[PDB]
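What follows is a single structure, written as structure tokens, with notes after it.
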Amino acid sequence: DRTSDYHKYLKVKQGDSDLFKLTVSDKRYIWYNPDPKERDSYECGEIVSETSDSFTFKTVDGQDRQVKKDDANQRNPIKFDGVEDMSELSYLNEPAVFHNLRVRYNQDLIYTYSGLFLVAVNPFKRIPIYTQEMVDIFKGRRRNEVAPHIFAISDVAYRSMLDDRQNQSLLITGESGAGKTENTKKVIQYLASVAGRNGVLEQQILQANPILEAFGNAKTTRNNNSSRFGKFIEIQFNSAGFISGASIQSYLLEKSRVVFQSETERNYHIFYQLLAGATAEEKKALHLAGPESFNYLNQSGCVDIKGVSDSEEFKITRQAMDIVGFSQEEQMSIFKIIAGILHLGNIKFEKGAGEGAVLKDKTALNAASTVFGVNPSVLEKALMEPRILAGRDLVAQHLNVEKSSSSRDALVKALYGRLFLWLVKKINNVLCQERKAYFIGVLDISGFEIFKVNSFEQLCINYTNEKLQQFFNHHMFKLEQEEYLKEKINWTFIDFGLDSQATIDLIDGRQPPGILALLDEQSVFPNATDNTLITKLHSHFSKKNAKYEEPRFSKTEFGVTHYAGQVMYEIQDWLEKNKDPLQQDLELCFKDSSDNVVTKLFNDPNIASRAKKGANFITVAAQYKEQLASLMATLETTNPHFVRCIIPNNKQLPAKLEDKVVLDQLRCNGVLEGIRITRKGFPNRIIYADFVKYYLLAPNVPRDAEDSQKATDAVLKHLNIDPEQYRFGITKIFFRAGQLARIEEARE
Ligand SMILES: Cc1ccc2[nH]c3c(O)cc(Br)c(Br)c3c2c1
Ligand SMILES: [Mg+2]
């Protein structure tokens, strides 16, 4: 009851007895805008009088305003305040849907169903609703039996996997720093505990994220634990139904945050966990120092995160590596690479004689060579005098300072990119015990974000977030109504106005050439510069596509109108970034290294060998588009389950819910639209034959029910369920929102 730990934090407090006096009021209020210049700051006014098609209400100041019934945003009766499934609301609109979230969010209730998907508002405070007792409660309990919780929808997916024998997937969407990553960990926590043993394999799967989070997450201005990479986690399942293995796919590692970090941002956690928290023997063994003494860590102006102990986190990272099985040496080799990368950044090239770079001080070069186990003179020549094939001859390129310091970074980014690729490979090798029968995918991705300087990585992220949103639209709006008409159910199509396939096409469109398609052309073009690229973009579709803007104010930028707003991307040096060039003498300098890992990085074809596209190597953009599209096809194979995560504010503060911010997310996520289709449509659908699965209250249910149509109708007829509430079609019976929930509860 109310004393339960679950009533305290998961269900709405029972209201005052004086509140009852108001909850029964016959009054009718309405949300309005005291300032029409701000269409997201509403206030509650009381409808005083109504004409045939108008309302008159008294503002909070007392002034009488007047509005048409068509444009009016009526307030639901306060009996709905706190309701769990928002499709049960009568007056359904942006103001009301947002108020129900203030109510719940103010009671530390962050989860709220709305239709078949789930909403999750980031609390930014540790809410004790993920303990073991919780997981035990939702084990078996139906979605309708329990309150909104990530465990609930994770169980619905699990039960839908067994009942229907179909693969599932939990698709979690949201803005940057909205709770995507945290909810995934909880989803993994639930599934593992529910379909585990009585375990090792289950313990191992849990310990994967701490590893990846150490090398994969970092501090952005939007989020102090930001996934700079995207991951799709399949939970393989046995024929019986228990977990048999797992597999992790990784995408878009922001591998240049290594060599550079924006002001107030931070490099990947793994580097700071080492310096602060490394053994005194490793410290001098790897020639380590303080964060402020390394050129790749002292530039951001920030080496410390609020309420985070890198020394303690360093413990956790290597605790997890032991559990999955990284050798005592394999771990030391990793730290060996990290130190080596830190030293590389401290190499200070200088114009010795003018013709090219000259490296006077070699203390940093050798400290990096010592760890990597490479001949420091081979590395020095491969960084500054690499060799190339001029025709068929062999020529050494006496690179200058700016061109030598870049090849340095090209190496650094290559190492870590491959290092990261190796970690996941070492993890999948121990988790892919077998190609299993069923599988549940979990999609944690780097989230839509807008920084002061937007670059290629941001485009590919937002392109992903955009592609993901349209997927939400296709299965909630387009495919849902096609099922109705596919069953001849007398449905009139509804255009909810949510479609971003235009912005997608602009980016990845092949014919006509999309943005990425031109970059590929310009990239291979030898004389292609940034001048030629940006001009080849404006001239192409400046005034030919409404999702594109050539700014009057910058010759190096272009705007794209995403589903979450317009992002002005900076084009500087995208050509090299899409080529991802790594000078070849560098690749040899390390292919002959004296370290196991470093050797496996540049000699294992799966990690070093970049695919080839006929004449030229495959580009980044071309590669990722193939990676993403491959993932999207895999998703279409499974029944999805959406979790729309929402960030309450842009300051990472708890109990500070900003109206303007939240509505922009709801407004563009289709949350409001997403309920209408659930409310005005028929969410639940089941084959007519599969419904008999026989309640011994005037029973006339033959298992082998010839003419299933009449067989099920008789049950519904006796059940005395409103026939309007359940229109049925050719092959399956369709139920309106919750109509089936009240039907299946009879058995229980
Ligand atoms: C793996 C990859 C591929 C292309 C990229 N383009 C970037 C950019 O323009 C800025 C930053 Br920071 C990064 Br990381 C990338 C990147 C990474
Ligand atoms: Mg994340």
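Reconstructed Cβ throughout: ideal geometry from the backbone, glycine too, with neighbour counts over all protein chains shown. No lab work stands behind these numbers, since they all come straight from the coordinates.
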Binning every alpha carbon pair distance of the range 112-216 at 5 Å from zero, what are the percents per bin? 2, 10, 21, 24, 23, 13, 6, 1
Work from the charge dipole of the range 441-591 (Cβ charges, +1 for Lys and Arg, -1 for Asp and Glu, about the Cα centre) and give the residue of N454, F472, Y548 farthest towards its positive end. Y548
Per residue of the range 730-747, in order, report the coupling 6.51 cos²θ - 1.76 cosθ + 1.60 (Karplus, θ = phi - 60°) as ³J(HN,Hα) in whole Hz, putting x for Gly and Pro. 5, 9, 9, 9, 10, 10, 6, 3, x, 4, 6, 4, 6, 8, 6, 5, 4, 4
Within 10 Å of each residue's Cβ, count the other Cβ atoms and sort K351, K219 from fewest upward. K351, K219
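Going by C-beta contacts inside 10 Å, put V48, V671, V156 in order with the fewest on the left.
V48, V156, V671
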Could you pull out every residue, at least 5 positions away or on a different chain, whose amide H is within less than 5 Å of the one on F439? Hs are placed 1.01 Å off N in the peptide plane, and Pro or chain starts have none. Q168, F237
Cut-off under 15 Å on the C-alpha distance; same-chain residues fewer than 8 positions from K348 excluded. Which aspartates and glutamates are left, in chain and number order? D361, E380, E402, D409
DSSP-assigned coil residues among trypsin sites (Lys or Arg not before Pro) in the range 492-559, each with at most 14 further Cβ atoms within 10 Å: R510, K543, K544, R552, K555
Using the Cβ atoms and a cut-off under 15 Å, what net charge is assigned to the surroundings of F451, where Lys and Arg are +1 and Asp and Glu are -1? -2
Among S169, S405, what is the fewest-to-most ranking by other Cβ atoms within 10 Å? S405, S169
Output wanted: per-residue J couplings in Hz (rounded whole) for the range 584-601, from phi through Karplus 6.51 cos²θ - 1.76 cosθ + 1.60, θ = phi - 60°, x for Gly and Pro. 7, 4, 4, 4, 6, 3, 9, 4, 9, 5, 10, 10, 4, 4, 3, 5, 4, 6
Once phi for every residue in the range 201-214 is put through the Karplus expression 6.51 cos²θ - 1.76 cosθ + 1.60 (θ = phi - 60°), the whole-Hz ³J(HN,Hα) values, with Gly and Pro written as x, are 3, 5, 4, 5, 4, 5, 7, 6, 4, x, 4, 4, 4, 6
At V378 and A633, where each label point lies 7 Å from the Cα along Cα→Cβ, what is the point-to-point distance in nanometres? 4.0
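For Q331, what is the net charge nearby, where nearby means another residue's Cβ is under 9 Å from its Cβ and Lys, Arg count +1, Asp, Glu -1?
Around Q331, the surrounding residues sum to -2.
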Stokes-Einstein diffusion coefficient of the range 323-389, Kirkwood radius over Cα pairs, 25 °C, 0.890 mPa s, in µm²/s: 183
Add -39500 (n - 2.57) for each DSSP H run of 4 or more in the chain, then divide by its residues: what number comes out at 222 nm, to the nearest 500 deg cm²/dmol? -12500 deg cm²/dmol
Using the basic label-point model (7 angstrom from Cα toward the beta carbon), what is the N603 to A528 distance in nanometres? 3.5
Please check which bits of the range 407-430 a label hung off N596 would reach, taking the label as a point 7 Å along Cα-to-C-beta and the cut-off as backbone N under 20 Å. 416, 418-430
Gain on full stretching of the segment that runs from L389 to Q584 - 0.36 nm per residue minus C-alpha separation: 69.1 nm
